[PDB]
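Take a look at the structure tokens below, where one protein chain is shown in two forms, each on its own, as structure 1 and structure 2.
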Structure 1
């Protein structure tokens, strides 16, 4: 349904990118964006994107008022973790995937570490340092 700047993310990958990732909206809680669109570099025969998917993040903490519900970052990393685990058990494994997986799991471990630190201080879900 979508026809083909500052908003596009500058990615680590530079060559042969499948998609562009773009931040949607304005800065919100914490100074972060809470909507992104992943869109193909390819057109269909009449100029629509082959891929145009939106990701909406939980906007406004859980114990704070008026919060839009959505995805949280650890969910995305858990998906990527499951896919790399699968590729590693399959026919096209690689050292690079492994290194990436280990780093993804440690990123997830640090995100959980943040969750538990905020539980322990009784600030999880509030607009607090």
Structure 2
């Protein structure tokens, strides 16, 4: 089974699973999010596949997809919206600031790799 062990343990809406095998860097590049609930006719309320960029965006060889910062930017935008709205919380603000600091560190990774001419290459 390829079920992710998550920090949340109670009242989970969905489970997440690794899909396929290990790829470049030792990571997976496909995930499925699927609901802990079934519809009236016995099917998943949610069954959602996320495919990540696998290989350089410049080869046609590559599995072209999303990058982790895209997912974090989506979460960042939603948390900002929630904080502007009626159901804001301190827990949200702490989550949002850590999300933004993670994105800034991912951008650090992009910029030092640009400086070293190694972005888009399989090099440490």
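The term rigid core refers to the maximal set of C-alpha atoms that superpose within 1.5 Å between the two forms. Numbering follows the first chain given and starts at 1.
Chemist: Would you mind telling me which residue of 85, 56, 62, 103 shifts its Cα by 2 Å or more between structure 1 and structure 2 when the core is superposed?
Modeler: Once the cores are aligned, the residue moving by 2 Å or more is 62.
Chemist: With the two forms matched on the core, what distance in Å separates the two CA positions of residue 112 between structure 1 and structure 2?
Modeler: Its C-alpha moves by 0.3 Å once the cores are overlaid.
Chemist: Rigid-core fit: what Cα movement does residue 44 have between structure 1 and structure 2, in Å to one decimal?
Modeler: Comparing between structure 1 and structure 2 after core fitting, residue 44 shifts 1.3 Å at its C-alpha.
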